[PDB]
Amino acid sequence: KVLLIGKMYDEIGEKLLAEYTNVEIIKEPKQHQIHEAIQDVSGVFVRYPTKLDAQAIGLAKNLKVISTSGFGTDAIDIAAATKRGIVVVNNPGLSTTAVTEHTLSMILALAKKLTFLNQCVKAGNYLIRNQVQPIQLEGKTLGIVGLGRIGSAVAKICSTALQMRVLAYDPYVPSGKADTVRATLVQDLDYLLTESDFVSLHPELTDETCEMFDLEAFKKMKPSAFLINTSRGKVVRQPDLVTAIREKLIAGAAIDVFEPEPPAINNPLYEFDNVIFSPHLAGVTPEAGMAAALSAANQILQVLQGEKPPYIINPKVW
């Protein structure tokens, strides 16, 4: 009595759901296919970015729970569920460890000039060791923008294990949270820009953070400093980032998120040896996919058994 609008990130969530419910799978949804199989179901799983409009909720009679595939909920008609007594739940933060490790990977890679030194050896220029010198992270200053799930885990590892001085900028967290991860929360963003040897951004994308890192920000940063962005592409005004690299306002950057996405085949950032990329894979591990599949599949069984799930979007229904 459950419909899967799109496949889950891991098959374990499908096997678990088949233990307790009659499961139906729609693989590539169109405007008409969804409804003719949604009219009688009691639970629905929506894969981002597939959309679920008011026409779909109106036809699902026994529907009691809507679950997204991840944090994204913009494609779902929340209003149609709050009035009808339907609880809607998302699955956020289940790739926190993945991006935390991925962020660390890019900080170390920039410090050890990894991708550059790899090509030099691969092209027989092993003697580049006489001209290039890596950087030791122990003792350097890390600037964390956004002390959320990822920012805290990154801060915790860099301050204690890597023995870095971690500054944090996040006005929406209690003043005592930065001390729990041995970081120092600051109130002025300019202070974090001038003092950091590395700047890694993990904030939510808001109207405030949209293009928060423009040319005005890059000027304040040390010329030897580096930028890491695993959050969202729009957080950095990319032309100003191209300017900072070319005019050497910063020593380099590591980029997992782009604007626009996907980045064009001839992105000007590709030319620089001090900029490295990953194709938006920071939170894409097999383990993270299982967690999203489990959390989404399991919260379905919670509502069908009367238990309050942890990630309700409309609390006015409980």
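The first residue of the shown sequence is 1; numbering continues from there.
Chemist: Comparing 163-171 with 97-105, where is the mean C-alpha B-factor higher?
Modeler: Between 163-171 and 97-105, it is 163-171.
Chemist: Between 287-295 and 64-72, point out the one with the higher average CA B-factor as the PDB entry records it.
Modeler: According to the PDB entry, the answer is 64-72.
Chemist: Check the PDB entry and point out which of 210, 144, 157, 79 has the largest C-alpha temperature factor.
Modeler: Out of 210, 144, 157, 79, the record gives the largest C-alpha B-factor to 79.
Chemist: Go through 251, 255, 282, 57 one by one and give the residue whose Cα B-factor in the PDB entry is largest.
Modeler: Checking the PDB record, the top C-alpha B-factor among 251, 255, 282, 57 is at 57.
Chemist: Please rank the C-alpha B-factors of the chain's modelled residues and tell me whether residue 85 sits in the lowest, middle or highest third.
Modeler: CA B-factor rank for residue 85: highest third.
Chemist: What third of the chain, by the recorded C-alpha B-factor, contains residue 272?
Modeler: According to the entry, residue 272 has a C-alpha B-factor in the chain's middle third.
Chemist: Would you please rank residue 278 by its C-alpha temperature factor against the other modelled residues of its chain and give the third it falls in: lowest, middle or highest?
Modeler: CA B-factor rank for residue 278: lowest third.
Chemist: Sorting by Cα B-factor within the chain, modelled residues only, which third would residue 188 end up in: lowest, middle or highest?
Modeler: Answer is highest: the recorded C-alpha B-factor places it there.
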